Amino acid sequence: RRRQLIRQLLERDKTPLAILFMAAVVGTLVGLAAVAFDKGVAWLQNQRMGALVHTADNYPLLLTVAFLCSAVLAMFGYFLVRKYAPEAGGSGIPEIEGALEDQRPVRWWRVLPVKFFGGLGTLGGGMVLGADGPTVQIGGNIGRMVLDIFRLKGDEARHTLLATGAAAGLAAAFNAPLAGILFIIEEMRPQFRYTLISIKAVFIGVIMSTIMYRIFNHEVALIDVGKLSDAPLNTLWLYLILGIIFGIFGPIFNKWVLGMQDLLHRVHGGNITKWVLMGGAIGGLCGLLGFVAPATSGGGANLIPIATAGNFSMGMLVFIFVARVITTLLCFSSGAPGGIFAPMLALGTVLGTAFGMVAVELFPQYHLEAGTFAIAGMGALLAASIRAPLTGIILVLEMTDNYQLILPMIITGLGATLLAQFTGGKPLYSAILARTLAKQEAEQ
């Protein structure tokens, strides 16, 4: 096949101008989409706060209007999903991944409204859910929609505009362009065969997405954490140990989301009214915990600079980790619309901080800042649970600009994915696709 390859080599990277232009408009719309979705989630959480002040005297009334305001919004999003778009429950990444294997449909006429307005429901109630799931599936479908509109043919185009959509989608959720592109290249593309996902075109989509985000967001970065200390060579072995800790917990967490998916399906069996009611209970519990124990609820982007700085006690870190594991499972395993990615950064940090804390007290000769161990462990549930270590390392890198920590971030990351592999664990997004293709068959 020598002569064949000489031909292909000379034809490499010649994406059709049609796809390059269209990836631009996908990026842009996904950008405006995520920006709108981001503004809307905020506005709801705010109206929720100003309610607790029209009533801030009667504390039992206070705990009540906190619960019902989230419950109602939870339910509204659960309902929007079962009634009109069931594959828009949960993250949506496993679907958009299925769409790339050509095994799941991109029902964009249903999912765009269902995910967007249904996500605003669950996120806006203050449930423990990220915006990544929403934006990524929303972005994916937006790619499909502009395909079907301009009726472009080829595999290249269907897969590209699907990729650049969900890529631009993740980018716009975190202001993380590099992280989006890598997410397609490492995690989303079809993993057992070749593909015609133009990477140059995913690049154009991500650009536009990210520019649109800079137009409605500037002067504030999602997280500021400032410059932390370096790490000496003789400290690296501590980050490897922290990777191993993630590597055994990573898979353990994966078992729980699945068994909790099962456990919560026993609660409604499929019944849209038991389900929506159950979601409202979950919602209201989060909005209640949102008032009374805020670090145990919400997406988690907030307490990440607090937890780097070392402002929490060790007892608090232990509390938050247990409590947030529990609400993370309740919210994500329930099937409410919304990703798990962003709350796994939170669980990661908290754990890394707690470790840096013990590490600082054991080794004063090392001159540690517990904040470095938190940054290494932020991308570490991503490594050990969804097994996209290159994505999380660069995602964290983009969010925290502490490049002098690249070696320990990497080292904790592979430690995580190595022990996650070796203790018998599977990628989370992949093992959700499969259970969903194995119900898309066991019914026959």
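Residue indices: 1-based, along the sequence shown.
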| query | finding |
| --- | --- |
| Which of 172-180 and 260-268 has higher mean CA B factor, as the PDB entry lists it | 260-268 |
| Mean temperature factor over C-alpha atoms, higher-scoring stretch between 51-59 and 376-384 | 51-59 |
| Selection from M278, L347, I138, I204 [criterion: highest C-alpha temperature factor in the record] | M278 |
| Among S297, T308, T160, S209 - the residue whose C-alpha B-factor is largest in the record | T308 |
| Third assignment of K200 from its chain's C-alpha B-factors | lowest |
| Third of chain Cα B-factors occupied by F246 | middle |
| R107 by Cα B-factor - lowest, middle or highest third of the modelled chain | middle |
| CA B-factor ranking of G284, expressed as a third of its chain | highest |
| For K227, the third of its chain into which the C-alpha B factor falls | lowest |
